[PDB]
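**Q** Below is the structure I would like to discuss, written out as structure tokens.
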Amino acid sequence: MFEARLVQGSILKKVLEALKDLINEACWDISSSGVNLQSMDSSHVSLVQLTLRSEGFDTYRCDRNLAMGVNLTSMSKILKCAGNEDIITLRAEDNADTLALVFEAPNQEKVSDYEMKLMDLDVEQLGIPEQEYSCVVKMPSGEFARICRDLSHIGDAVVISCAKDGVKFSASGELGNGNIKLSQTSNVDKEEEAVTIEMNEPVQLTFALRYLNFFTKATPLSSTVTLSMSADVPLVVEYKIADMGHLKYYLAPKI
Amino acid sequence: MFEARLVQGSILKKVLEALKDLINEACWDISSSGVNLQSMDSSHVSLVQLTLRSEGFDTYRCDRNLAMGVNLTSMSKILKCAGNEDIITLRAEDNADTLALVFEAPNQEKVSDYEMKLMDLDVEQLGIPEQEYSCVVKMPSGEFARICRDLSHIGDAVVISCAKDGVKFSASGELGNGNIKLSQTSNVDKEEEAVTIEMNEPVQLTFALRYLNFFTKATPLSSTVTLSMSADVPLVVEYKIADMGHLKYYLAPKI
Amino acid sequence: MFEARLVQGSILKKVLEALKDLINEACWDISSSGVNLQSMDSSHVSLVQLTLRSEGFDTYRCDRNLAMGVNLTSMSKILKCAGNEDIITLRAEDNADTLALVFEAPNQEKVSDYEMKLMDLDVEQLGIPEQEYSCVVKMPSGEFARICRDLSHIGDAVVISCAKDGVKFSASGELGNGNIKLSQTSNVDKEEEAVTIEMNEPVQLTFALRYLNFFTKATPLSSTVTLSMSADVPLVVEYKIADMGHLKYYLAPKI
């Protein structure tokens, strides 16, 4: 038996809401150390890596490594039947072709029990080259979402320029161009309002806005986001999942 | 002649919003004891029965029993035009076949006078007698609304199974299957957000989920809903209309 | 050079919201006396005329009259990017391309520099010249908005009847008919409905409700609206924008 009881159900709701548009199907690599997902998106452009560590779960049980192939659109639909404050328990027999999802209200008067059909899929594998990056921008998650959205009216691509004297997002198109300059803070007082740049050398990279606008569906999961960049390698957009792990999205620059 | 004055016109806005999707035209039986509507949907699976007592109105007079044929699409349109806190007055002179509806804004600035056909058409008048039911379930209306909404993502039918210690709703379909068990809870005193059962013998019936989703548009009219059920007879779904009367939806099971 | 600055970002946004569904490509006349926009809408039915005097901006400089051809949907989008508390700067250097729109958030965290390509359109004019009208009605803007919206459920045309009593809007279609009567009560009254009317002779004209429902998108720009009517000429619906300027709509009555 695999069995994982997650007390804050909102978290799994949000993860599915952040993945279902970008990718339709993917295998859930389950083990004693946690749950891990790794997939390309459905247009073969970006890469996604999800991690939810075992200890994040209130109760956790994994007799042996499972791989469950999963339609995320169906999984999301089922999770929309969960409340935000439900305790969600995930359960699969060792080689069973189903995943049960139990949504307990907090007072135990209402209990729901769903049994999802798996789909049978060939796993993907990479993980990408772990790297020391030139720039790391930490910033509010709501601010990053709004920027990508604003600039998507102007252009299909965004140039992210970092230097010592700031970060800048620029886009360009048929109706013109725009530049959004977001200043580092010093003493912001809260921690989650900070804009901090860890800079080694200036960098200027171009990314497809369409894909960044997918990545920002993870905003509910965290109040900050970090962007790690270096020349000619994929951007990582990282959202922390409430002490349990993370959702990274990798994207090639143009060129 | 007919005239009924209702100071809390918000109630009548809620009833028409409850009726307009399911039923398109209906007979309005007006008498000195009040308003009684009764109709099948255009597909013959369900029946609605509405009752508004004369004493529920601020003023009421009926000279003359009347069977006004009414287009509920058109009446819901006109009611849209009413303020939330307008006084609503319904009116019919005699050998005129028109229903007038007068909305007087809260601080007598503005009177709106509306009038609609009153197409007296070949119709019905059933009733169907008092039955004794195997189960009667009372529960919060918003909770029944939620279970019908969520299960409609899974299948197009719901098995309702009643038992001493609770009621279950189960559905099955494309993306897998689902059951929601609500427990009898007692409490009472501080609120009736309870789930109570009255069980002479257990019941187990399948119903059309889309119809139950029409019925739940009445959710805003009452904090609770009752479900009376028996083998082979139509389910009743009752909503109380704040000390003026009731709204009952009737649905026959399958097989 | 042209340059204008405003603290009231919001007003600009509301002007574009109120124009952009009626007209696509527009020509802004920028002179030293201010900004002027005059155009038919894209169906050649109604006429719009916007005026924003130079004094209404808290800085204003214009060396040379410019005719800046803009797509109003694209400019509404851009202005959607700005904080409602943002300081806005409009800037152009004289012709081809660049209108620059700069949004500076209140305390210096964020600056947004946009640049809109201008197309070459001729500066229109015609400026149909003023008149004394049989009848001039002034009323709450949100009440005028609500009357057009509601009657649009009954009919496609409204008949405005002005009289010493007050003003009456009446519409008629398939479902039946409706009239709304606002009366002149005296003075010193709490209700915000002091509908006032300056009158030479009762008028009675019909108007397409589709277009009136375009003109009420200006509702946020002012709390009152003034209607000016005579037989055989266009209605004028005027929103005064706070001694900054005005937005006028012209619609001819049905024959």
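So how was this one determined? The header says electron microscopy, 22.0 Å.
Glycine residues also receive a Cβ, built from the backbone N, Cα and C atoms like all the rest.
Pulled the feature table from Swiss-Prot, pasting it below:
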REGION    C:7-100  region 'Interaction with NUDT15'
MOD_RES   C:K14  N6-acetyllysine
DNA_BIND  C:61-80  DNA-binding region
MOD_RES   C:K77  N6-acetyllysine
MOD_RES   C:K80  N6-acetyllysine
DISULFID  C:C135-C:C162  disulfide bond
CROSSLNK  C:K164  ubiquitin cross-link
CROSSLNK  C:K164  SUMO2 cross-link
MOD_RES   C:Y211  phosphotyrosine
MOD_RES   C:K248  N6-acetyllysine
CROSSLNK  C:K254  SUMO2 cross-link
**Q** Report, in sequence order, every one of the recorded positions (C:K14, C:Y211, C:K254) having a CB within less than 8 angstroms of a CB belonging to chain A; if no such residue exists, report 'none'.
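**A** Qualifying residues, whose Cβ lies under 8 Å from chain A: none.
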**Q** Cβ under 8 Å to the DNA-binding region (C:61-80), counting only same-chain residues 6 or more beyond its ends: which ones?
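**A** Residues packing against the DNA-binding region (C:61-80) from afar: 1-4, 9, 12-13, 16-17, 19-20, 23-32, 54, 92, 94-95, 99, 101, 114, 116, 118-123.
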**Q** Distance between C:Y211 (phosphotyrosine) and C:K254 (SUMO2 cross-link) at the Cα atoms, whole Å?
**A** 12
**Q** Is the residue listed as 'ubiquitin cross-link' helix, strand or coil when read with DSSP?
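**A** DSSP assigns the residue listed as 'ubiquitin cross-link' to coil.
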**Q** Given a 10 Å Cβ-Cβ cut-off, pick out the one of the recorded positions C:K80, C:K164, C:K254 that has the most other Cβ atoms nearby.
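**A** Result of the Cβ crowding comparison: C:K80.
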**Q** Using DSSP, would you call C:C135 (disulfide bond) helix, strand or coil?
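**A** The residue in question, C:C135 (disulfide bond), is strand (DSSP, three-state).
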**Q** When you measure from the Cβ of C:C162 (disulfide bond), which residues in the chain that are at least 6 apart have a Cβ under 8 Å away?
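**A** C:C162 (disulfide bond) has long-range Cβ partners C:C135, C:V137, C:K168, C:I197, C:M199, C:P202, C:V203, C:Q204, C:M229.
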**Q** What are the non-local neighbours of C:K248 (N6-acetyllysine), defined as same-chain residues 6+ apart in sequence with CB under 8 A from its CB?
**A** C:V48, C:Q49, C:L50, C:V236, C:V237, C:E238, C:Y239
**Q** Counting only residues 6+ apart in the same chain, whose Cβ is under 8 Å from the Cβ of C:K14 (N6-acetyllysine)?
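**A** Listed in sequence order, they are C:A218, C:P220, C:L221.
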**Q** Mind giving me a neighbour count for C:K77 (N6-acetyllysine)? Other Cβ atoms within 10 Å of its Cβ, every protein chain shown.
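**A** A count of 19.
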